[PDB]
Every structure is written in structure tokens, then in C-alpha cells.
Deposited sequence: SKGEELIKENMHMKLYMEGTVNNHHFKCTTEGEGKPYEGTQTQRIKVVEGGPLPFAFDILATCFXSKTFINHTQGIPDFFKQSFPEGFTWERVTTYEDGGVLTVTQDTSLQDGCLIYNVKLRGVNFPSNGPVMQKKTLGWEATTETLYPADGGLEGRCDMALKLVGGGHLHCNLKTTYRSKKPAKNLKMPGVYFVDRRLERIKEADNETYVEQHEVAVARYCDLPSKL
């Protein structure tokens, strides 16, 4: 299963969504090193472009297979192939914005195929999302917990704002393997440091280039219990 994920792996994503009544579609091509945690994605807004909202809010929709693992932490996502996995996410922003996502990850002809359906609602019209006043994401640290036969993740993020300051959101995600649980070694609780970064953009954010590096680990602190 994990042998299917090679040192180099390409990916393609299809995205159809709506944010505050604006319908759009995107497509991506990318590649990366699944075991180093690094990857690159080149996104094209193919419909509904230009978006009347910050592209930043879509960043986290574009790759759980590309993560470095340390200290012997089992790889829930890489183990899951060839069957693949899905994840479902709700992102709540502190000024009232709510985004919900459902994602499917398959492996076909040695290519990772992503299918994303999302829905943003209640984003304020004079907030930085709709006003396009965002400058990207801070580096992050998420925590993943064993839940049933899959993973649940939790992550506070911070959207940098033009003029200074941050707009914070909380991510709630359920990861679900499409592989029998009898064939997976379920990890314990652990943490993933991430840094998503906008490398390029063109044509009013209808073409975008993103990079992401990610490493899994434990707390690496002493414990008296």
C-alpha cells in the first residue's frame, strides 16, 4: 500500500465550490516528495474568475499524503492506498465566515487525483475575505487524534491582514481511510507543523502557485507519567 507512494509523485485536483453565492471551478497540477513533506501546486480558476474573495481561504483545500514522519509515527494516508482516503472539513472564521469542504483522494495510473467540493457562507462583505485584504497564512501546528477507524484534526490558523494583524480561524477535519481498518496500523496522538506559502500568482489570482512543507512528530517533551 505504502509502496505505491514513490519518492516523487504528481497530482491533479478538481474543485467546484461556492462562496457567498459566487460559483467557481478550479483545476491544479503539481508534484512533490511525499516523504520529505514538500510539494508544489499550480492552480487555475477555470470558471467564475476572478474570484470576488481572497484566494487565501481556498489554500488549505489544495494534500495529506505529502508529509514527513518522524520518530516512527505510522502514516495513515500513505498506508491507505491504493484505495485512498477522503476528508471532510469545517473552517470557522472569527468574524463569522464559515467554509465547509469534502475531499476525495484516489490513486490512478500512478497519479494522485483530488476531488474537492466546498461551500463558503456568511463571510462579511466588508471583511478582509470579501474585501481582498489578506496577505497569506502564518506557519501552523495541528494536532491529530485517533477517532474510530480514522483521524480527526484540529488547527487554529491566522490570516495576515493588509495593514497588520490577523484574522483567525479554527479547522475541524475528519480523515477517513477507504481501506479496511484491519490492514492499517492506527497511530496515536501526534502533531504536524506546516508552512503553506504563495510562490506566484497571475491574472487577478486566477492563476496561483503554492508550496507547502510539513513534518509529523510527537511533543518531544519529558513526561512524568
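Trainee: Against the full deposited sequence, which stretches does the structure leave out?
Mentor: Residues lacking C-alpha coordinates: 1 to 2, 65.
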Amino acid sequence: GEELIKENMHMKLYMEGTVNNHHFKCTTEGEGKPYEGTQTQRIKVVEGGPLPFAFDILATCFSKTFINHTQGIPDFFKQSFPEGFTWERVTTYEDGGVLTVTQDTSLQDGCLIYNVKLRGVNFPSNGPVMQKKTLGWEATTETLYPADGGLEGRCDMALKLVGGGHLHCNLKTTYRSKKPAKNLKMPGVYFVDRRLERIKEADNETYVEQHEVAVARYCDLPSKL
From here on, numbers count along this sequence of modelled residues.
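Trainee: Which is higher in the entry, the mean Cα B factor of 213 to 221 or that of 5 to 13?
Mentor: The stretch with the larger mean CA B-factor is 213 to 221.
Trainee: Got a sec? Mean C-alpha B-factor, which is higher, 38 to 46 or 184 to 192?
Mentor: Comparing 184 to 192 with 38 to 46, the higher mean C-alpha B-factor belongs to 184 to 192.
Trainee: Of the choices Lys179, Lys172, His69, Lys160, which one's C-alpha carries the largest B-factor in the record?
Mentor: Reading the PDB entry, the winner on C-alpha B-factor is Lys179.
Trainee: Choose from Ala139, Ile73, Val121, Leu118 the residue with the greatest Cα B-factor as stated in the PDB record.
Mentor: Highest CA B-factor of the listed options: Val121.
Trainee: When the modelled residues of the chain are sorted by Cα temperature factor, does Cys111 land in the lowest, middle or highest third?
Mentor: Middle third - that is where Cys111 ends up once the chain's C-alpha B-factors are sorted.
Trainee: Tell me, lowest, middle or highest third: where does the Cα B factor of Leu51 rank within its chain?
Mentor: Its C-alpha B-factor belongs to the middle third of this chain's values.
Trainee: Hey, what third does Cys61 fall into on Cα B-factor, ranked over its chain?
Mentor: CA B-factor rank for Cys61: highest third.
Trainee: Determine, from the deposited record, the chain-internal third of the Cα B-factor for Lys200: lowest, middle or highest.
Mentor: Middle third - that is where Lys200 ends up once the chain's C-alpha B-factors are sorted.
Trainee: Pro128's Cα B-factor: lowest, middle or highest third of the chain?
Mentor: According to the entry, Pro128 has a C-alpha B-factor in the chain's middle third.
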